Each structure stands twice: as C-alpha cells, then as structure tokens.
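Since the structure comes first, as structure tokens, the remarks are kept for the end.
No Cβ is skipped: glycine too gets one built from the backbone with ideal geometry, and neighbour counts run over all protein chains shown. Bear in mind these aren't lab numbers, they're just calculated from the coordinates by the rules spelled out.
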Amino acid sequence: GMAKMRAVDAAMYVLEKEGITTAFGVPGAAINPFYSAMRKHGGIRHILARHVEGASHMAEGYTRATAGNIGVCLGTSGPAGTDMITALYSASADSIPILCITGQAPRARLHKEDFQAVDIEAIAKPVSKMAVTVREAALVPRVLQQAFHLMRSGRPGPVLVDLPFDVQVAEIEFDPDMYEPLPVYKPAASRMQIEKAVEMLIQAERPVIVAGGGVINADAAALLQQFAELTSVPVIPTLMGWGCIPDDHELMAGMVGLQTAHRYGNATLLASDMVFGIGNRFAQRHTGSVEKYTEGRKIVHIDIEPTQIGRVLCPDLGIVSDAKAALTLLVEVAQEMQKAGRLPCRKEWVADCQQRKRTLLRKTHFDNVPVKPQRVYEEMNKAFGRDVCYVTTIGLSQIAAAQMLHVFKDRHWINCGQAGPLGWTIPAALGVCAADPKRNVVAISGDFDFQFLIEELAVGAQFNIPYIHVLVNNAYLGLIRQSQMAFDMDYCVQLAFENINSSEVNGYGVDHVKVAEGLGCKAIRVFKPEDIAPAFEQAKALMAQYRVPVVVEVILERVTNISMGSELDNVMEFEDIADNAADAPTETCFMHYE
Amino acid sequence: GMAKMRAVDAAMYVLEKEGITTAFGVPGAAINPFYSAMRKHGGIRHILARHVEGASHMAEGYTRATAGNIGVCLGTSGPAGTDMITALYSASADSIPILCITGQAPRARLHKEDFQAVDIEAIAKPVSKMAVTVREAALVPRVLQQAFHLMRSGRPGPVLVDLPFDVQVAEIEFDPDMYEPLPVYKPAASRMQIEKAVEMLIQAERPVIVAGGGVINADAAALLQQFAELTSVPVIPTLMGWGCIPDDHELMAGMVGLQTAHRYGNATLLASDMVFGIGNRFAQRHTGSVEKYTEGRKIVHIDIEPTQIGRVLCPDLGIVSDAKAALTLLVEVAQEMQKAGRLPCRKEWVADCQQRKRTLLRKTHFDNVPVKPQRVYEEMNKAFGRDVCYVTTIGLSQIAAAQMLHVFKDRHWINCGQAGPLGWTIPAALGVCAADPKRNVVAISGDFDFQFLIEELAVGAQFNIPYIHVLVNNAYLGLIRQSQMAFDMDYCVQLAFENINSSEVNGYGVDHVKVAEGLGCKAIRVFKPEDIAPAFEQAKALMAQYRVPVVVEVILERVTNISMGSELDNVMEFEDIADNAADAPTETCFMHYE
Amino acid sequence: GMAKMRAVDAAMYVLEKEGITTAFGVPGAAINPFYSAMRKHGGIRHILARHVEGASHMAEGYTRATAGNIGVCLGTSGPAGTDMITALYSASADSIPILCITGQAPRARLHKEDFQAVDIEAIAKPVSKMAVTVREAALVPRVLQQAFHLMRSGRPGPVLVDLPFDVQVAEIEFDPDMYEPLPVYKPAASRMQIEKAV
Ligand SMILES: Cc1cc2nc3c(=O)[nH]c(=O)nc-3n(C[C@H](O)[C@H](O)[C@H](O)COP(=O)(O)OP(=O)(O)OC[C@H]3O[C@@H](n4cnc5c(N)ncnc54)[C@H](O)[C@@H]3O)c2cc1C
Ligand SMILES: Cc1cc2nc3c(=O)[nH]c(=O)nc-3n(C[C@H](O)[C@H](O)[C@H](O)COP(=O)(O)OP(=O)(O)OC[C@H]3O[C@@H](n4cnc5c(N)ncnc54)[C@H](O)[C@@H]3O)c2cc1C
Ligand SMILES: Cc1ncc(C[n+]2csc(CCOP(=O)(O)OP(=O)(O)O)c2C)c(N)n1
Ligand SMILES: Cc1ncc(C[n+]2csc(CCOP(=O)(O)OP(=O)(O)O)c2C)c(N)n1
Ligand SMILES: [Mg+2]
Ligand SMILES: [Mg+2]
Ligand SMILES: [Mg+2]
C-alpha cells in the first residue's frame, strides 16, 4: 500500500493505472530520473527514436491506431520540448491526444539561464489542452490524473507535462492501490434533439450523411453504419471519417472536397438536399465556399464541442453530443420510426448516387514509362488485402492516394489531415505497428516527405518493426510545383541532381535504396508499371524474412497534375477521366476486396 | 521610384537594402507569393532544405559565420512555423539573430480552422525578440524594417514574421530609393565606468579576463586581444568567446567550466583574485556553484543587456555596454595608464598560468583499437590548418572536442552552446559554407546527432556545398550513458544492431558510409588510429574533386567517460591525464599551428 | 561609494538619479519595505490616494503635465495590481509612460496560492512596454534602469515592476555614485527624407 517513493515512481504507477504500456522517446540528463523509474517499474516498453520529432509522431500514430490508446512521447529539457511542438499541433488539430513528458531544470533555477532550460509551458500552451510545469513532487500524480481526464474528455487533445529535475527525484508518499482514474466527461444528445434530427432527415428527399473523424474518435463506426442502413441514407465520410463505413458498402457514396475527393462524391453532395453531419466540422478543404456547399440544403451538425457548431457555417439544427451517445439514440429512434412505417423509401436517390459512383471515375491503368502515380494506387489495391491499414501525410502522393485507394474499416486510414507535417509518415507508421503488431501497415510517401525523418527507418531496423513503405519518387515537391502553376513558375521545388555514387537513379538525386539499406532496412526500386505487383510480393516476403521495414520505391514521371480545384463544382481533371472499369479497375463496384 | 507592386515585392527590396543575399527554406502554397517575388527580384540565392528544421539551422550557421550576417529561414504556414521553434530558441539562447518568414492563412480566415493554419505568433513569442502576424500589406516593409533594428540592437535575437496570403499579394505603393534601415541601438560605457574598471584591474594581483560571446557578437576580438596585451592579463574565453584570442597566444589561459574546459583553465581561475568579465554571462556550466566561482575574487561584468548583470551572481562593478564600445575605451585608458607608469608588471602571474598550461594536460595519443575518441581530435589538430572552422553541437563528441581541439580566430568555433539541439551540426555547417565558400569548415558529430537531420547531406550534394564532417561513432548516446552512471543504469541509450545489409559495421547498427553515399556525398570509414590521418587527406582530395560533403566516420570504442564534474574543483579525470607532450602532442605549447 | 543596503534602498537611489521626485500610491504589507526605503531616503513626496485606480491616474496626469515627467504609482500585491490595469491601458494607448510598482509574494511562494498573490506579470503584459516580476535582489536597479530606457525610447509607454517581498529586503552591494541612466533611443529622419517631404 502506502510507501515512500520518488515522484517519478508514483508517475509509473499512475501511467500503469491509466493503461499505458508503451512510450516513444529520447533520454537526456534532465529526464533521467523518469527513465530510471520506468526501468525499475517494467511493463512500459520504450522505443528509442532517432529524432525527438520522430518520437512525437510515433506517439500520434500509436494514439490513432486503436480506440483508447494514448501514445506517450518522452524527452529531455530544452530543445526536446521545442521538437515536440509540431506533433502537439498535429494532434490538437485532429482532436486526438498524445502525452508529452519533458525534463526541466530544477525549480529554483527556472529563471536563471540554466543550460538547455526553456519556457516550454508558454510555447506549448497554444497547441495543447494543458501544458504545465509541475511545481511540487506531490502534484506529479495529480497532474497526470488531470491530464488523462482532459485527453479523453470533450474534444480530445494533447497534454504536455514538464518535470523539474528536483521535482522528479523528491520523495513523496503514494499508494497505488488507492489511485483511480477520473471520470471522462462527454455530453450526450437528448431524445428531443435526436427526434428533431430524425424528423428533418425524414422530410429530406435526397439526404446524405457526412461522417467525420468524431465518429471514429467516439469508436462509433458500427453504429454509424447501422444508422445509415436503417435509414437507407448514403454516407460521405470526411477524410478523417474515412473507413467508418466500408468502401464497398452499397451506401458509401465517396468523399467530398477540393482535393481528397471523388468526382461522384462531389456530384452527389451537390445533388443532395440535406447534409446530416455527424462528428465532422465542415473543413475548408471539404466545403470550398460555404455558400455553395450549403446552397439548397438543410444542414444538421452533431459535435462534441459547442464552439465547433456555427464556426464556419450556420447549421439548421446544431446538437452538442458525443457521436457514440448520439448514434445510439439515432439508431433507437430510427427503429421506432421503422416500426411506425415513417421512414421513406430511398431506392431512387440511392440508385442515382450509385450511378454517379459507377460512371464518374478517373483513369488508373496506365502502362506509361516512366510510371504514372495513379497506376501505383491501382496496384496497391490489388496487392494488399481488405485489412490493409494505410499511413500517409501530404503531397500529390497522399492526395491521389486518397482519391484512388480503398479502405474497409475504421482506423485503417491514418493521416494527419489538418496539420500535414512533412516527415510524419515513417514515425506514425512505426507507432501504429507498435500499437498493433498484427496490423497490415502500408505507408505512402512522396520523396520529400520520406526524406524529412528518413533516419527513423533505423528505429524499425533496431527494434524489428516491420511494415511496407510505398515511396513514389518524382524528384519534386510535386504539390508545390502544381500550386506554383498559378504563378507561372517552377521554382525551388526540384530535388534532382546527378548522384555521384549512383548513375542508375538517372539524375533523380537521392538513392533511396542505398539510404534505406544503410539504415538497416530492405528496399526495392521499380521503373516499369508491370514490375510494381511483383515488387509488392517480394516486399511481403522480405518483411516476413527479416522483420524490418521494406521500402518499395517507384520512379515516377517528374510531372503529374493531380485533380483538384477551388470549389466542389470546379475541380479540374488534368489527367484522363474514366467512365469504364477497364480504365479504373479497382473501384469497389468492379472489384471484390479480399 | 514610386511604383505599385505586391507587398512581397516591396519585401524583396527591403531585404536587399538590409544586406540579405541568401535564404534557406522550404516553399509551400501559403508562401508561394513570397517565392514568386524572390524569383522576380533575383539576387537572393535560395537553398532548398530537406527539413524545415534544416533550413532554420542553416540560417543560424549563416548568421554565426561572419559579423553582420543575418540568416533567413523561409517556410509555409502551419507545421513549417512549428518546425522553426527549436532554431528560434537556439538563436535566442545564444543572443544571435535569424529572420524566420512564414506564410499564413488569409486575414479573414485566421480564426476559422483553415487548413494548416496555426497561431505561430503565440507559439514563437517566448523564443523571439518579435513574432508578428502582419495585418496590412503596407506594414510588410515596416515590420521588416523594425525586425532588422531588433535583430541588430541591444542583446541580439531572432524575429519571426508571419505573412497572411492576402497580405502578401495585395498591392501597395513603395519607393525602394526612399527606404532606409533604422539606426542600431547599442549603449556604450562612459569613461567614468571604464576608469573604475581599470583601477580595479590594476589593484588585482592575479587577474584574468573572461571573454564571452558578446566580444564576438560585437566584432571586437582584435580589441579584446589588444587590451589583454597592453595589460598583460591572461584571457579565459567562454565556450562562446572561444577564438577571440588565438589558442597559441601567450596570454590564452585555457577554458573554464564543468565540461568544455581545461584542467589548467579551472586551476588558473581558482588561483586568480579577479575575474574581468567582458561580454560573458557567467553560465552555470561555466561557473559551477557561484559561491565557489566568486570566492576570494572581485568580479567585473560588462554586458550590453542591463538585466544580465546580477542575474546569477552579484558583480563588484557591473557596466552596461556594447563590448566593442567598451573595449575601445578600455584600450584608450590602458594606454594612458601605460604612459603614466601605472600598469603593474605581471610576469610572475603570467608565468604561473603558463606553467599550469604546460603541465595539467589530458592524454590524446592513444594507439587503441577500437579507437579512443581523444586520438581523433589530436589527428584533426595535425591534419587541418590554423584557419580551420569547427562546427559542432552536443555530446561526448563535442565536449571532448572543446577540451582537445584548438582554434585561432573568432567565428572558427560555431557551436549552439546554450540550447544544443541534436541535428544542428550538418545544417549549421552548410550555412557557414553558404556564408563563406572559402571557409575551411570541419564539423564534428556523434552518431546520434548525425542521424537527426542526416538527410541534409543531400542539400550539400544537390548544391555542391563541400565541407568535411568528422563522425565519431560509438553506437551510443554516449553523454546520456555517462550521465546515467549516477543512476547505476545503462538504459535506452544504445543504437547498435546487427545491420542485415552490412556485416562489416560489426553490430554498430546504421551504416553511415552507405547512407552518406545514397544521399550523394562521399564517405570513408576508419577502424584503426593510424588510418585517421590518411583518411583526412583523402577526404580533402575527394572534396576538391567532387565538391560535396565528405564524411569521415571513425569507429570508436563503445564506452569512453569524458572528463567532467559538478564544480571547477571537482572535475573527475576518468581517462589518462598527461603532464608531457608525448601523451598530448597537439597542445599549442608543443606544436606550431600552420 | 558602494555600500550594503536593501534592494529597495538601491531602488530609491535609482529613482532619484532618474529624476523621480513624486509618487502616488496605497501602501500594503507586501510593499512595506519599499515604503520604508522611500521614507529613509526622503525627497520623494508621496501622495496617498483613496483608490489604487486613483493613484494610477494621478501618475498619468503627472506624466502628461510636463515634458520629461514620469508619474510613479505604488501598490501592494494582489488586487492593487489588477486595479492599475486600466491606467496601464490608458497610458499605453496614448503613447505615454507611467511607472507602476507592486509588491508581491516571496519568490518561493509564487505558485502556492499565497494570500493576495496574482500573476500580474501576465495580466499587464498586453498593456505595457514591460511588465516583469524581479527574480533577484541584484536585478532591482537593473530592471529599473531598463524601465526608464523603455519609458523614454521609441514610442513611449508604461512599465510595471513587480517586487517579491524577499527580493525587496535582501541586501545587495550598490554604488549610487556609479549609476548612470541608459541612453534614450530616438530614430531621426535623414535629410533625403525631409527634402522629399518639403
Ligand atoms: C492535402 C490535403 C487535402 C485534403 N483534402 C480534403 C478534401 O478534399 N476533403 C476533405 O473532407 N478533407 C480533406 N483533407 C482533410 C481536411 O483538411 C480535414 O482534416 C478534414 O476534412 C476534417 O474532417 P472532419 O470534418 O471529420 O474533422 P475532424 O478534424 O475529424 O474533427 C471533426 C469534429 O469532431 C469533433 N469530435 C471529437 N471527438 C468527438 C466525439 N467523441 N464525438 C463527436 N464529435 C467529436 C471535434 O470537436 C471536431 O469538431 C485534406 C487534407 C490534406 C492534407
Ligand atoms: C555539453 C556542453 C558543455 C558545455 N560546457 C561548458 C563549460 O564547461 N564552460 C563554459 O564556459 N561553457 C560551456 N558550455 C557552453 C555554455 O552552456 C554557454 O553557452 C556559455 O558558457 C555561454 O558563454 P558566454 O558567458 O560568453 O555567454 P553568451 O551566450 O555568449 O552571452 C553572453 C552575453 O553577451 C551579451 N552580449 C550580446 N551582444 C553583446 C554585445 N554586442 N556587447 C556586449 N555584450 C553582448 C548578452 O547580453 C549575454 O549576456 C557548454 C555547452 C554544452 C552544450
Ligand atoms: C514542414 C512542412 N513544410 C512544408 C510543407 C508544405 N508541403 C506540402 S506538400 C509538399 C511537397 C511534398 O513533396 P513529396 O513528399 O515529394 O510529394 P509529391 O507532392 O511530390 O508527391 C510541401 C513542401 C508541409 N506540409 N510541411
Ligand atoms: C533534441 C535533443 N534531444 C535530446 C538531447 C540530449 N542529448 C544531449 S547529448 C545526447 C546524446 C548524444 O549522442 P551522440 O551524438 O552519438 O554523441 P556521443 O555523446 O555518443 O559522442 C543527447 C540525447 C538534445 N541535446 N537534443
Ligand atoms: Mg531527419
Ligand atoms: Mg515528390
Ligand atoms: Mg554516439
């Protein structure tokens, strides 16, 4: 029971009681007492990153992989905390938690100019639900107790706890048997709110549900699908809701937006007369101008956060609720409406949505050499199973991937959708693998994203954390090249050079095979479209054999303009469209997934 | 003269008038108008980094290389700004400027949740002299005008300017011929202050001058040396003042502190009866406990910043002044004192200091296999000329380097002494090379520091920026291993693994030769001490031939405890000491440098 | 000559050298050492206000009356500083200085919920050129030295100096004869600009 221990020893018991089994980090002198307590305690597995930013994005990937996870990022004082700000921003932006823990100078030296001492509390305040320097050893367990409440309650977000060295080593009395986690706060919609929403949905003649990341955050994907099935209402996931209904479900109507969207999704949204928003937030890249998005449509919005409702557009209804609590009541009310005979038949509207989904396509089956990126995504759909879990960040690589890959379960699209920090992909993929060693993790990066935190591949090598990384290499910051076309320039976006050690990369610059191999991983380079599928098969074998990351680099044509625009009705199609399966053979209408 | 132009076009004229010729950065959609103006203007050379943190440390290295330089770091909105915080902290901590410029969401969308939009103003406020989102196009030139005043005035520090997209493209009227930089504010010591300081120095019987980074910041190294020569007072540079008097000067008495210090330096400081501090700040790693540092000594402190004086200890005098203004007056007063016959002879004290410097040494000439790191620094002193410019960050690599390398001019030790962010070394070295293509740049890293931002080697390859990188590889976070000895543990600090592609690294993990070569550079691995010198000679040839970075990796013994302690009188010597040149042959007393 | 004295005694010499002769205030337990030093030094005339906001606006009027004047407003910890915010805003907004000085809890107790202790540094930062809690006794003269530079230089504005009780009473070595005010920073137009304007 009660015993004297260091405050960091009490912290290890609190982390255990809060479900922590894993931590990613980089030790240093100011956080050694915490590492010492973690060693003494056992049962937190620590993964040593090769950049503090890598540890912080591994924590994000760990959080995102499985409902209830909270990835932990550990670091020393000074520059370690400033290397975590980008991940705190990314987690805050997507409403997900990570717990960052930093060492700090001793309490009495906080305003001297101690070596590597920085006011991380002030720096991290704008990108966290709480950032606190702990000022008493006895408060260490209580600050952690509050941190877990905040990371799980309301709109989730990250916390940073900063630990002065003397506060860590100071002796307190603590009884782990008496520690209890705080209750989680989640508001819930009343029956009066939900009956009104269902009445409005029954009155609409061409409704769609927009299912956002809040549905996945609430672990409510099955309920979201059940509610759509009972009401026969087509579903448009946001990028952050993608996966909460399977892509081959008859009611999955595609995605909507300016970039990561389908031609059928935008066409269905523009044809609809109501948007029933559940756990979304009507993001600018999803809506375009709100005036066009809302034109002729009633808008319902269910959100756990009151100040998200009406922030970018005014809903017709507006309900504060956790998405699971709300969907539980929505299913119950829809079932009462079904027994009463009050749910309208929607065969015509569902048929119109399905015809758009069958005809408004984009070509992927390109035989071109050098390779066209859209062909890579076709081969990925064929090579990987229905249970594949994609991890990606930003770029033409990621945008075309969201346009052309397919996903069939929640938390199988892992993507920092609001912040998009380059270098996220490798560490995030490692964090997903650490959360679930049985997950079939496949990452997608362009060359520039792959280079930012390329050294993290050695983390997968040292710890034998296997996954497949698809690397689509155009020797370009391709998205920035495309956005520069409006300035009639192509400027500071090229990465090519004649590699003095590798004439075989043909002026593409970095030799990613040699780099990945030096970092202890396996790698395959593909120049021809027909060699992609065999490369994915060899990569699976190399993964099983060596249990390390395997990089499949596809050499792309330098310049491909991916479809995008400034409004839902203005997306330009630069590359070939398709209206037939032969040009787009991995649409779920045409292909059975696993 | 007067003409209508975009506010970013006016910004290009302001940067030109402020002396900017170089920028390091990563473009993105929100900062494209600025890149468009930079292309149209010409005459800023842009270097494309492969991590935004790399661009920001290149800017730091560019600033530090040459008095009057201001390195510029450019990036897009969102995660680009959060990737700059570590460099803003490092520059602030060392009192040097960089100018960070970020794109931002349009003014009217700042409080929506725009894609990749973050409150960088609030995040960067604690680590900058000014961080401002510019709210009017006409203010863009005025905010830059104020930024340059702040970066050069008082205690120098960095500025971040955040540019909403609509503010960048908006039309203003601007006349470059009428633009003038603001005057720089620097307080100057009065003759009454300086005569009092010289009186106190004349009264001391065993004085030392502690010459800090403020002397180099003020570009006053020649005056600092002249004042010491006229008064015959031995000089102890801080780590940040190192180089402001040559290491082979008869009055250079070594360095003082807990880690980057000499046995003779600490012994001389403890034997002295006055510390005449010029442009230093009495840092904790320099003093140990202030009670022991100041015991029996009068303390003078000249600093440009009033609130640095008395922050960590109370000086006997205390003078607010720019170091150049102060040293100009100190030389004049010392010359008047010399003509009056009032400067005491100091032959005995100078002789006592020189005898300590001849006898209180540490061994470097080790024949051990695997290699002992102290032998690497001996070979570097022999291989490189007197004009070598070292760039380094933190680790046992850097601490023993400061103990054992020698430097002979100001701004030939380039080191982020207060913040020490890992990954600093490669980008900082590239920034020094960009500032001065004729500089003989040699970097020193341990393996972990080298890995953080290893991809920046491809920046040197793509742009042909040559320098030599000495990489001392112990497959350890060696400094953290050593600091863990107090916790009787060795935990989460090892980087070794059996590399499945390279049995020749013998379980050391990452193959840095293969990685550096894939990134387009040249690399040599050394296992035996006698092969170091020939490797440095081949590296010079490869550099001249290919004009890319050349990495010389020395495989170290896994475990070496570098000398350090908690007080000046308590530094533990784990490895062999020396009292003879044969064991320490590159001390300047024994070796003529170039 | 140099002498041992409390930091608040050294503060009185700095104020005298910077031309202060008048102060408006309301004493309290946390600022008593400053009042004790003011009494011992003499030659600052103190006007006792009947509201801390009254003292703060007296300081504004004193500044505005005569070029070079800097009104000084004194108060205790806690609510006294929050009562000065409206004047700090009013002074900032018109580009004129006042010097506010508040007492504060001892450094060791700044994050305990000590009686009448508030984070005035954070509250006043938006409406001052500087608002600082002084962390070392030796810094009191240097913080005041910088404050007078800021109040006179560039666009003028007010400063709040927040003084922990232990910092006020701690002894320091200070030589009033060696203190000198900092130079004032004022940019000047060149002839090229004035000729263009004419
Ligand atoms: C290059 C690029 C292109 C993109 N293109 C598009 C595009 O075309 N279309 C598109 O839609 N997106 C696109 N995205 C992603 C986009 O930026 C947003 O991240 C995304 O649209 C947000 O989805 P969401 O509305 O579900 O919001 P989320 O960020 O997932 O958050 C929605 C809401 O969930 C709420 N919430 C949290 N927990 C709960 C809970 N338990 N119960 C209920 N509510 C809860 C939060 O309060 C929040 O308001 C793109 C991203 C990138 C990087
Ligand atoms: C692992 C490690 C070990 C280290 N070990 C030691 C050690 O043993 N000993 C040691 O000394 N350092 C050591 N350092 C470096 C140490 O942390 C400090 O960076 C260093 O001591 C500061 O030197 P300085 O006092 O010259 O301060 P600086 O940071 O260089 O600043 C000194 C002052 O210069 C002033 N100033 C700025 N511009 C001007 C101007 N124009 N005129 C006048 N003043 C001006 C500033 O206001 C500031 O107060 C170590 C660093 C690391 C990473
Ligand atoms: C830290 C950071 N800096 C800048 C950006 C802006 N950005 C978005 S995509 C992109 C280029 C992506 O290049 P690559 O990963 O090669 O992908 P491609 O578009 O070529 O497929 C950049 C610089 C960002 N997201 N994060
Ligand atoms: C971002 C960051 N995280 C952590 C640290 C703490 N730190 C200082 S030295 C060190 C290990 C250095 O290892 P390496 O570069 O291999 O050098 P070695 O000490 O082994 O010579 C670490 C982690 C830091 N300085 N910066
Ligand atoms: Mg990197
Ligand atoms: Mg690319
Ligand atoms: Mg090492």
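Inter-chain neighbour count for A:484-495: the average number of beta-carbon atoms from partner chains within 10 Å of each residue's beta-carbon is 5. When only alpha carbons of chain B are considered, Rg and Dmax amount to 24.7, 76 Å. Phi angles across the stretch B:326-335 convert, under the Karplus curve 6.51 cos²θ - 1.76 cosθ + 1.60 with θ = phi - 60°, into 3J(HN,Hα) values of 5, 6, 4, 5, 5, 5, 5, 5, 4, 5 Hz, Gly and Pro given as x.
Between B:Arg342 and A:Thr359, the simple label model (points 7 Å from Cα in the Cβ direction) yields a spacing of 10.1 nm. Projecting the Cα positions of B:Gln203, B:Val118, B:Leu163 onto the charge dipole of the stretch B:111-220 (unit charges on Cβ atoms of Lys, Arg, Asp and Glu, taken about the Cα centre) puts B:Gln203 furthest along the positive direction. Hull volume per residue, based on the alpha-carbon atoms of chain C and their convex hull, is 123 Å³. Using the Cβ-Cβ distance between C:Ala108 and C:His41 with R0 set to 30 Å, the FRET efficiency from 1/(1 + (r/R0)^6) comes to roughly 0.60. Classify the stretch B:207-361 from the C-alpha gyration tensor, please: rounded if a/c falls under 1.5, else prolate or oblate depending on whether a/b exceeds b/c. Note, shape of the stretch B:207-361 comes out rounded. Shown is the FRET efficiency for B:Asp367 and B:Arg547, computed with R0 = 51 Å from the Cβ-Cβ distance and rounded to the nearest 0.05: 0.90. Annotation: amide H of B:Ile524 within the under-5 Å range of B:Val551, B:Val552, B:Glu553, sequence separation 5 or more or interchain, hydrogens built in the peptide plane.
Footprinting exposure proxy ranking of B:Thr425, A:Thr86, fewest other C-beta atoms within 10 angstrom first, gives A:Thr86, B:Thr425.
In terms of distances greater than 27 angstrom between alpha carbons, the cross-link table entries A:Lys298/A:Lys324; B:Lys409/C:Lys186; B:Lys186/C:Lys129; B:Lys363/B:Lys528; B:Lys129/B:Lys292 yield B:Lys409/C:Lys186; B:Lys129/B:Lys292. Length gained on full extension, C:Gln116 to C:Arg155: 10.7 nm, using 0.36 nm per residue less the C-alpha separation.
When each of B:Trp413, B:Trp424, A:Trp349 is scored by the number of other beta-carbon atoms lying within 10 Å, the sequence from fewest to most is A:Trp349, B:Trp413, B:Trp424. Going by a ≥ b ≥ c, the root eigenvalues of the Cα gyration tensor, does the stretch B:109-158 fall in the rounded group (a/c under 1.5), the prolate group (a/b larger than b/c) or the oblate group? Oblate. Taking amide H as placed 1.01 Å from N in the peptide plane, the amide H of A:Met130 sits under 5 Å from that of A:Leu160, each at least 5 places away or on another chain. Taking the helices alone, chain A has a mean residue ellipticity at 222 nm of -10500 deg cm²/dmol, built from -39,500 (n - 2.57) per DSSP H run of at least 4 residues and averaged over all its residues.
Charged side chains reduced to their Cβ positions (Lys and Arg at +1, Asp and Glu at -1) give chain C a dipole of some 400 debye around its Cα centre. For A:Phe276, the residues 5 or more places off, or on other chains, whose built amide H falls under 5 Å of its own are A:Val208, A:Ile209, A:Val210, A:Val300. Protection proxy ranking of A:275-282, B:153-160, by the mean of other Cβ atoms within 10 Å over each peptide's residues and highest first, is A:275-282, B:153-160.
With a 10 Å cut-off around each Cβ of A:67-78, the average count of Cβ atoms from other chains is 1. Two numbers describe the Cα atoms of the stretch B:123-195: Rg and Dmax, which are 16.2, 56 Å. Computed over Cα pairs, the Kirkwood radius of the protein assembly as shown leads via Stokes-Einstein (1.002 mPa s, 20 °C) to a diffusion coefficient of 64 µm² per second.
For the stretch C:105-110, 3J(HN,Hα) computed residue by residue from phi via the Karplus equation (6.51, -1.76, 1.60; θ = phi - 60°) reads 5, x, 3, 5, 10, 6 Hz, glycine and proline entered as x. Exposure proxy shown here: for B:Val571, B:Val376, the number of other Cβ atoms within 10 Å sets the order, fewest to most, as B:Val571, B:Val376.
With θ taken as phi - 60° and the Karplus curve 6.51 cos²θ - 1.76 cosθ + 1.60 applied, the whole-hertz 3J(HN,Hα) list for the stretch B:407-413 is 9, 9, 7, 6, 6, 10, 10 Hz, x standing for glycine and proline. Springs join every pair of Cα atoms under 10 Å in this Gaussian network model of chain C, and among C:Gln104, C:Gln116, C:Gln168 the largest mean-square fluctuation is at C:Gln116.
Listed by chain and number, the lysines whose C-alpha is less than 28 Å from the C-alpha of B:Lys522, apart from same-chain residues fewer than 8 away, are A:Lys514, A:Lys522, B:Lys372, B:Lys382, B:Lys438, B:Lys514, B:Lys540. Charging the Cβ of each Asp and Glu at -1 and of each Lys and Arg at +1, and nothing else, the dipole of the protein assembly as shown about its Cα centre rounds to 1660 debye.
Once you reduce the stretch C:151-198 and the stretch A:160-229 to the center of their Cα atoms, the two points are 53 Å from each other. Could you tell me which of rounded, prolate or oblate describes the stretch A:483-594, using a ≥ b ≥ c as the square roots of the eigenvalues of the alpha-carbon gyration tensor, with rounded for a/c under 1.5 and, failing that, prolate when a/b is larger than b/c and oblate otherwise? Oblate is the answer for the stretch A:483-594, as a/c is 1.5 or above yet b/c matches or exceeds a/b. In plain terms, the chain from B:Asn506 to B:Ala3 could stretch by 174.5 nm, reckoned as 0.36 nm per residue minus the Cα-Cα distance.
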